[PDB]
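A.B. asks: Just dropping this structure here.
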Amino acid sequence: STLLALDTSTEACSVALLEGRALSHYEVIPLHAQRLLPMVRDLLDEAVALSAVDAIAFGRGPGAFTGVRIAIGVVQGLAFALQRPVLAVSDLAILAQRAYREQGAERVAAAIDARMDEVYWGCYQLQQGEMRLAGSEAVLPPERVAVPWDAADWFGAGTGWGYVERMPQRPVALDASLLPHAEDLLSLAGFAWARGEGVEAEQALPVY
Amino acid sequence: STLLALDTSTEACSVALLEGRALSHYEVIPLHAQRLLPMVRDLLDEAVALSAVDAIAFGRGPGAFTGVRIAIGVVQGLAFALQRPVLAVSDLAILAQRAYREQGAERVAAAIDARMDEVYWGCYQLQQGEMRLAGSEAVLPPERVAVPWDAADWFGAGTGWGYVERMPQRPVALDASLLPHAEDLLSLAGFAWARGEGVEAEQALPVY
Amino acid sequence: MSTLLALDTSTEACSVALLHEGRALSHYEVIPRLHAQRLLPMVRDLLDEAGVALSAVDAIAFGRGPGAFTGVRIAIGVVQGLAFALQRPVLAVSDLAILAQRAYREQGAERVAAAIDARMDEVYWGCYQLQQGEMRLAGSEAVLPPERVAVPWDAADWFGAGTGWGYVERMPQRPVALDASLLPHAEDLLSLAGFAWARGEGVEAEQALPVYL
Amino acid sequence: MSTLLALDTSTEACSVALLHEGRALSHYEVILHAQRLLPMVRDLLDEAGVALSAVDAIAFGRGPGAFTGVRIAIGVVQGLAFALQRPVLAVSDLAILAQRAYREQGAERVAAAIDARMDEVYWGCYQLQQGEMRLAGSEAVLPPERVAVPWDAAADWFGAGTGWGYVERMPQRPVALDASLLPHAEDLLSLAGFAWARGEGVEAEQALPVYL
Amino acid sequence: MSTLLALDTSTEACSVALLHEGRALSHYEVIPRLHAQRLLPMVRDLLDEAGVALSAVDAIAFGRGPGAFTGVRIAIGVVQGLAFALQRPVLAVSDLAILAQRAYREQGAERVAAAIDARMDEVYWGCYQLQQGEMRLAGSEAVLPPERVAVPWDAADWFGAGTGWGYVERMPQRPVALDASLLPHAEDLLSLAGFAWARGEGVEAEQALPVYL
Amino acid sequence: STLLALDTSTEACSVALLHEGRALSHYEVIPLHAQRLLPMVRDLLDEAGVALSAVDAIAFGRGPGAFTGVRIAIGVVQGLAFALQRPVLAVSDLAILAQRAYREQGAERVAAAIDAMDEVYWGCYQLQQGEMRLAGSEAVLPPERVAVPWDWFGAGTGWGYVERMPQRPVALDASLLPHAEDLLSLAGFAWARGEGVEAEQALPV
Ligand code: NA
Ligand code: NA
Ligand code: NA
């Protein structure tokens with residue numbers, strides 16, 4: 001199947017696509033309503049028809065309030081006119097999958113920086129090929145943050161780890177600069193698409 | 001020509017369409033990423049094919065920072081997949097055209113409420129069939145606001161007129177509750193489309 | 001003529017009111033967040049005392065917020081349920097507006113800056129001005145730190161209404177007069193609902209929704 | 001042979017234009033210029049298949065107009081010009097309007113007005129002299145009530161620019177006017193042609209905005 | 001080895017610096033907003049004094065903001081122009097970071113909360129922590145009223161750097177030590193640019209852009 | 001260090017001198033600066049028994065304030081310094097107000113304001129070791145938008161537009177203008193820190 005993947009939930013702007021081949025475009029600059037569409041076009045041509053796309057995946061957040069919503073609106077529009085379904089994926093999960101692909105982390109406590117001196121928090125454990133949510137995602141002060149494993153070896157991924165000193169527990173290793181990447185969204189979309197998780201364009205929405 | 005018109009720049013959510021017939025759907029509720037797409041579908045069917053649409057018009061703002069951007073992203077997506085051009089129209093202008101259609105105002109000082117104790121300000125004068133910007137749009141404190149006519153009879157339209165008491169001049173009549181309406185955007189789009197003002201989906205952007 | 005039901009649970013106050021044959025009746029109690037426990041019993045008691053059947057109700061007004069997240073949503077649910085089952089319209093009205101209209105009933109203020117305490121050290125804020133009996137909004141409603149707050153008037157006498165005014169010392173302007181204990185009251189929601197019902201502003205139960213600021 | 005590159009971002013218009021081997025090319029888009037100006041410059045040199053090394057002078061709109069927009073153009077021009085070791089040609093945006101209005105409507109006497117901040121207009125009057133719109137008097141920033149032409153009460157003249165949205169507060173008005181004209185780099189380039197011919201070019205460091 | 005040019009005009013300070021053959025040279029002047037008037041002459045003088053050709057420059061670093069709206073954008077323009085004409089990459093670096101790295105050079109602080117005065121009674125804010133020679137950002141940068149400001153540390157010694165700290169009395173935390181006069185300095189931009197150039201973070205001139213917060 | 005200080009920023013015209021650690025000042029309100037400044041310099045110089053060649057540096061109010069008066073004091077200063085081959089010290093008029101209001105009314109913190117068309121010049125200063133130092137940044141703003149960085153005084157012509165500030169102060173002087181003696185004070189601080197520059201670079205805000 002051919003799948004398209006967009007993410008504008010952070011500073012990062014990223015798009016990716018899966019005939020059987022898989023390609024990725026990733027640019028860090030804070031604007032998203034400007035560079036998104038071009039990145040789409042650049043990728044479709046340097047690889048493929050748009051009406052050939054079977055489903056579109058997106059970061060649903062959490063992240064930037066406006067950022068996530070720009071991607072949603074684009075995806076909402078693209079998918080409606082194409083009449084194809086969409087694939088809602090968490091940005092904390094994408095971070096999880098990224099820290100897997102990049103550093104081989106099988107247990108990832110993902111944390112993205114939030115407003116009002118808080119962090120978005122989500123813990124992910126590798127099951128089969130995929131990072132999968134352990135418990136639930138939350139918006140917490142860094143001092144209230146907690147993991148669902150015993151402390152085992154686990155990894156901290158994302159900007160929320162700037163607040164590590166204020167947290168009650170720290171992993172062996174961590175990357176405070178990781179951001180959701182469209183490649184990883186695409187991996188996660190594979191699992192979701194194969195499980196028939198797609199939904200109609202309207203139901204594409206950000207998380208609360 | 002067949003034209004589609006969306007606006008989510010304020011509390012108001014509105015969509016409109018022009019074969020030769022003209023229809024409008026208008027709902028006031030603060031959410032926009034939920035009700036927009038449905039309103040599109042409801043209108044296309046209760047009147048017409050989506051791939052028959054020749055151009056799409058939108059409120060470019062000013063207004064709600066996120067609100068305008070949701071409409072943009074939708075329009076950006078719709079238009080790209082359809083491969084049709086778009087029609088950028090100011091929300092202050094739509095207010096102008098609304099106050100014309102509704103109360104017969106040929107000179108309209110449009111004012112939309114803005115952040116940080118300011119108003120978005122734009123003055124419009126009826127030329128031929130259309131309200132047209134007199135000077136330029138700005139973001140001002142209400143005490144610095146000014147009109148480009150002599151004080152003649154002119155109208156105040158929009159939420160910025162809550163601050164009327166703080167302004168240095170007041171019109172004969174005003175409506176502090178007017179909001180941009182997709183019908184009026186569609187009128188304004190007629191003039192813009194007939195003048196060949198359309199642009200490629202990417203260039204669809206909010207005003208600063 | 002019109003029979004209207006009004007419910008509010010947006011703050012510490014739980015209140016309900018009924019317009020029937022030009023007469024208005026109200027029950028108002030302050031509890032903290034036992035609202036789910038007490039909102040229906042109150043509707044029941046009010047209808048019972050008035051001798052009015054629920055089927056007689058033409059529209060249900062509710063406080064739409066802002067205020068407590070769970071509080072507001074309890075009102076929303078009950079109202080949704082009632083109006084869907086009856087197949088009647090609902091009227092959404094702001095709690096800041098309700099504050100404004102109450103300050104006008106109790107203290108005679110015609111120019112009110114309604115403020116409600118909010119989470120995370122902000123306050124909800126909306127300024128209202130009397131027009132033909134109805135306190136109508138001037139500008140927009142917002143959630144702001146009390147420092148960034150501002151009125152749309154110039155020399156004008158105005159009133160500070162609501163528990164947001166507990167932050168008055170942290171706020172730029174102080175009004176001539178103020179009341180920081182004041183809560184939305186369903187009797188005043190009923191007045192505002194009347195004006196809205198006259199303009200036919202009612203919606204279907206599915207659209208009985210809280211505001212986001 | 002003189003090759004001239006021309007940039008303008010003084011108003012909501014963003015335009016570039018090139019003069020090479022007696023040919024004039026130009027792009028124009030109405031929409032944050034810092035994102036757009038340089039890409040436009042690239043696309044243009046490409047479309048004409050010319051290299052930046054060939055360019056002999058860089059012309060720019062020196063204002064009046066948007067405070068930051070003018071400065072974005074001045075900054076790019078300064079930077080291009082310094083690295084390239086080329087001179088720069090400062091041209092008024094009121095003049096460019098006048099030159100555009102002449103090209104587009106044959107007006108030989110143009111009162112250019114650009115809407116300015118704080119309820120004023122930028123005002124300058126121009127008249128054709130050997131194919132170049134030349135300033136008659138001074139440029140000013142004025143309330144529209146205090147605006148005046150240097151000509152006798154209607155030969156006819158023309159009102160050009162967004163300052164003309166204030167026509168009703170002005171003490172006189174022309175027979176014809178276009179309150180929607182904006183500077184266009186094609187006209188900047190015509191004007192640049194004249195200034196280059198009189199050796200008006202200056203060092204990159206001196207590319208600066210005007211204050212009125 | 002690498003020859004790098006660094007320009008900053010984001011605040012009242014106009015500065016420029018050059019890395020050439022391991023040696024670093026700088027010019028720094030405080031003027032108010034005559035930047036367009038003085039930025040190129042400064043580049044010229046610096047190159048002249050160093051005896052370095054502009055063609056020798058491998059990359060141009062710039063302060064990307066936050067700071068003055070027009071100030072920042074003047075730097076952007078000049079840099080865009082220079083790098084496009086030369087066909088060399090640019091390196092965008094935060095002015096809060098520059099502040100942080102300067103406080104580390106001058107006062108030896110390893111934990112800095114950089115704050116810059118901003119329009120409309122807010123301040124720009126970003127907290128930085130030394131890592132292998134480089135002050136690296138901890139969390140995110142923001143524009144906040146000085147009341148809502150907060151650090152990502154616990155017991156830890158930290159430094160307040162920049163003119164945002166003119167609002168220290170209105171701010172929740174006060175650090176052990178502070179400097180509210182401190183401005184971004186191009187010498188320190190040059191250090192940060194080095195780390196970025198080592199990781200190959202350079203972009204094309206068309207992407208030399210200011211930040212939005 | 002012998003320091004000469006000049007101000008014509010506003011309507012008031014003033015000059016001051018620091019010789020042999022003694023500080024002397026002449027102040028005169030006159031709406032005429034291109035006419036009375038140099039006489040004042042010569043008179044003050046006579047009265048101190050000092051020759052202009054003695055002077056090590058020249059301080060001046062760089063603005064903001066009346067555009068004409070500022071531009072003349074700047075010009076005079078540049079001329080004096082070029083010819084004597086002496087460094088110059090640019091000091092804000094808002095800082096000068098804040099230093100005056102300290103010296104005169106005891107104010108440990110001041111919010112200086114000077115009327116400009118509609119807007120007013122704004123700057124807030126705090127005392128730090130006898131010197132009124134700037135808090136945030138100086139700004140030009142409309143009276144309503146004006147903020148504060150915090151028992152605090154309000155100084156300058158711009159405090160005549162007091163209503164809807166939004167904040168009103170403890171006490172205030174709306175007719176307070178810059179004074180050379182307080183420019184002198186501030187200059188001594190600047191001098192001692194090596195803040196001098198070339199005549200070429202004396203310039204307004
Ligand atoms: Na609160
Ligand atoms: Na104007
Ligand atoms: Na500030």
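Going by the structure tokens order, chains are called A, B, ..., each with residues numbered from 1, while ligands are numbered from 1 in the order shown.
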Name the residues in contact with residue F:150 at a cut-off of 8 Å, using only C-alpha atoms, excluding same-chain residues fewer than 4 positions from it; report them as a PDB file with C-alpha atoms, in the first residue's frame.
C.D. replies:
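Saved the output as around.pdb:
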```pdb
ATOM      1  CA  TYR E 167      11.661  42.787  35.407  1.00  0.00           C
ATOM      2  CA  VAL E 168      13.219  40.631  38.161  1.00  0.00           C
ATOM      3  CA  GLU E 169      10.959  42.000  40.902  1.00  0.00           C
ATOM      4  CA  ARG E 170       7.896  41.009  38.884  1.00  0.00           C
TER       5      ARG E 170
END
```
A.B. asks: Kindly provide, as a PyMOL selection string, the residues of chain D having any atom no farther than 10 Å from an atom of chain E, counting only C-alpha atoms.
C.D. replies: chain D and resi 34-40+42+52-53+67-69+71-84+204-209
A.B. asks: Kindly work out which residues sit at most 12 Å from ligand 1, using only C-alpha atoms and all ligand atoms, and give the list as a PyMOL selection string.
C.D. replies: chain C and resi 67-68+115-125+143-147+162-168+170
A.B. asks: For chain D, work out the contacting residues on chain F at 12 Å, counting only C-alpha atoms, and write them as a compact mmCIF listing (two decimals) with N, CA and C atoms, in the first residue's frame.
C.D. replies:
```
# COMPACT_ATOMS: atom_id res chain seq x y z
N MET F 117 3.96 62.37 17.83
CA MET F 117 2.73 63.16 17.89
C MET F 117 1.93 62.83 19.15
N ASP F 118 1.37 61.62 19.19
CA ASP F 118 0.47 61.19 20.25
C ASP F 118 1.23 60.49 21.38
N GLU F 119 2.10 59.57 20.97
CA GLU F 119 2.95 58.76 21.85
C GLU F 119 3.81 59.58 22.82
N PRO F 142 2.28 54.83 23.06
CA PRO F 142 1.14 55.64 23.47
C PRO F 142 0.88 55.47 24.96
```
A.B. asks: May I ask for the distance between atom CA of residue A:192 and atom CA of residue A:137, given in Å to one decimal place?
C.D. replies: 18.1 Å
A.B. asks: Report as a PyMOL selection string the set of chain A residues whose atoms approach chain D to within 12 Å, with distances computed over only C-alpha atoms.
C.D. replies: chain A and resi 31+34-35
A.B. asks: Give me a file of those residues, with N, CA, C and O atoms, as a tab-separated table (two decimals), in the first residue's frame.
C.D. replies:
```tsv
chain	number	residue	atom	x	y	z
A	31	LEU	N	5.25	29.75	9.93
A	31	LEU	CA	6.13	29.10	8.96
A	31	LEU	C	5.64	27.74	8.45
A	31	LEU	O	5.74	27.47	7.25
A	34	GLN	N	3.56	27.45	5.49
A	34	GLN	CA	4.26	27.79	4.27
A	34	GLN	C	4.96	26.56	3.69
A	34	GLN	O	4.70	26.20	2.54
A	35	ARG	N	5.81	25.90	4.49
A	35	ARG	CA	6.69	24.84	3.96
A	35	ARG	C	6.10	23.43	3.86
A	35	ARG	O	6.70	22.56	3.22
```
A.B. asks: I want to know what sits within 6 Å of stretch 102-113 of chain F, based on only C-alpha atoms, with residues of the same chain fewer than 5 positions away left out; could you give that as a PyMOL selection string?
C.D. replies: chain F and resi 94+121-127+152-156+158-159
A.B. asks: Just the selected residues (C-alpha atoms), exported as a PDB file, in the first residue's frame, please.
C.D. replies:
```
ATOM      1  CA  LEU F  94      15.173  59.588  30.549  1.00  0.00           C
ATOM      2  CA  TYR F 121       8.916  58.581  25.492  1.00  0.00           C
ATOM      3  CA  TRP F 122       9.135  55.983  28.263  1.00  0.00           C
ATOM      4  CA  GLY F 123      11.891  54.570  30.460  1.00  0.00           C
ATOM      5  CA  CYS F 124      12.031  53.058  33.957  1.00  0.00           C
ATOM      6  CA  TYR F 125      15.132  53.380  36.145  1.00  0.00           C
ATOM      7  CA  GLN F 126      16.295  51.936  39.473  1.00  0.00           C
ATOM      8  CA  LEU F 127      18.975  53.069  41.879  1.00  0.00           C
ATOM      9  CA  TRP F 152       8.086  54.629  42.919  1.00  0.00           C
ATOM     10  CA  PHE F 153       8.164  58.137  41.344  1.00  0.00           C
ATOM     11  CA  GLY F 154       6.929  59.453  37.954  1.00  0.00           C
ATOM     12  CA  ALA F 155       9.078  62.025  36.134  1.00  0.00           C
ATOM     13  CA  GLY F 156       8.855  64.145  33.015  1.00  0.00           C
ATOM     14  CA  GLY F 158       5.052  62.835  29.453  1.00  0.00           C
ATOM     15  CA  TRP F 159       3.391  62.366  32.879  1.00  0.00           C
TER      16      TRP F 159
END
```
A.B. asks: Residues near stretch 152-167 of chain B, anyone? I mean within 10 Å using only C-alpha atoms, not counting same-chain ones fewer than 5 positions away, as a PyMOL selection string.
C.D. replies: (chain B and resi 10+92+95-100+103-114+117-125+141-147+172-180) or (chain C and resi 127-129+136-140+151-154+156) or (chain D and resi 168)
A.B. asks: Could you pull the residues within 8 Å of residue F:40, counting only C-alpha atoms, minus those fewer than 5 positions along the same chain, as a list in words?
C.D. replies: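 Skipping anything fewer than 5 positions along the chain leaves residues 14, 15 and 26 of chain F.
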A.B. asks: Neighbours of ligand 2 within 12 Å, counting only C-alpha atoms and all ligand atoms, as a VMD selection string?
C.D. replies: (chain B and resid 121 to 123 134 to 138 140 144 to 149) or (chain D and resid 65 to 66 113 to 123 141 to 145 162 to 167 169)
A.B. asks: Please dump the current selection as an mmCIF file, in the first residue's frame; keep C-alpha atoms.
C.D. replies:
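Resulting contents of out22.cif:
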```
data_model
loop_
_atom_site.group_PDB
_atom_site.id
_atom_site.type_symbol
_atom_site.label_atom_id
_atom_site.label_comp_id
_atom_site.auth_asym_id
_atom_site.auth_seq_id
_atom_site.Cartn_x
_atom_site.Cartn_y
_atom_site.Cartn_z
ATOM 1 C CA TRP B 121 -8.927 48.082 11.630
ATOM 2 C CA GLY B 122 -9.932 48.463 8.009
ATOM 3 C CA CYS B 123 -12.028 50.970 6.106
ATOM 4 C CA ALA B 134 -9.292 52.634 1.588
ATOM 5 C CA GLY B 135 -5.657 52.936 2.634
ATOM 6 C CA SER B 136 -4.494 49.887 4.574
ATOM 7 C CA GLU B 137 -5.428 47.397 7.302
ATOM 8 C CA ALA B 138 -3.772 47.742 10.703
ATOM 9 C CA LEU B 140 -4.129 49.484 16.543
ATOM 10 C CA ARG B 144 -5.352 55.657 17.494
ATOM 11 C CA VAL B 145 -8.003 54.471 15.060
ATOM 12 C CA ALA B 146 -8.876 56.793 12.137
ATOM 13 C CA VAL B 147 -11.065 56.986 9.005
ATOM 14 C CA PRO B 148 -10.113 58.180 5.562
ATOM 15 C CA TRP B 149 -13.350 60.099 4.869
ATOM 16 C CA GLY D 65 6.761 52.660 2.782
ATOM 17 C CA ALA D 66 6.649 49.882 5.386
ATOM 18 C CA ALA D 113 0.720 58.944 -2.432
ATOM 19 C CA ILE D 114 1.506 55.937 -0.235
ATOM 20 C CA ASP D 115 -0.408 55.349 2.941
ATOM 21 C CA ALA D 116 1.795 55.974 5.958
ATOM 22 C CA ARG D 117 1.435 55.171 9.661
ATOM 23 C CA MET D 118 -0.477 57.431 12.088
ATOM 24 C CA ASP D 119 -3.085 58.976 9.745
ATOM 25 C CA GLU D 120 -0.623 60.476 7.283
ATOM 26 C CA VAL D 121 0.436 59.890 3.717
ATOM 27 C CA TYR D 122 3.752 59.852 1.975
ATOM 28 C CA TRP D 123 3.395 62.407 -0.797
ATOM 29 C CA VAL D 141 4.857 62.811 5.032
ATOM 30 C CA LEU D 142 1.679 64.758 5.603
ATOM 31 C CA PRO D 143 -1.822 64.577 6.812
ATOM 32 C CA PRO D 144 -3.965 64.260 3.645
ATOM 33 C CA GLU D 145 -5.604 67.604 4.397
ATOM 34 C CA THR D 162 -2.678 53.639 -1.650
ATOM 35 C CA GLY D 163 -2.489 57.117 -0.120
ATOM 36 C CA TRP D 164 -5.395 57.939 -2.466
ATOM 37 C CA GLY D 165 -7.788 56.015 -0.224
ATOM 38 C CA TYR D 166 -7.757 59.374 1.627
ATOM 39 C CA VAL D 167 -8.853 61.351 -1.443
ATOM 40 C CA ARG D 169 -9.877 64.469 3.012
#
```
A.B. asks: Which of stretch 93-163 of chain B counts as strand (DSSP E) under DSSP, as a VMD selection string please?
C.D. replies: chain B and resid 107 to 114 118 to 127 130 to 133 138 to 140 155 to 157
A.B. asks: Taking only stretch 40-186 of chain B into account, list the residues labelled helix (DSSP H, G or I) by DSSP (computed from the backbone), as a PyMOL selection string.
C.D. replies: chain B and resi 40-46+50-52+65-82+91-103+142-144+159-166+182-186
A.B. asks: Using Å and a single decimal, report how far atom CA of residue C:135 sits from atom CA of residue C:97.
C.D. replies: 6.7 Å
A.B. asks: Could you check the closest approach to ligand 3 for each of F:145, F:164, F:179, F:193 and tell me which residue wins, using only C-alpha atoms and all ligand atoms?
C.D. replies: F:145
A.B. asks: When you draw a straight line from atom CA of residue B:133 to atom CA of residue D:92, how long is it in Å?
C.D. replies: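 Between atom CA of residue B:133 and atom CA of residue D:92 the gap is 24.0 Å.
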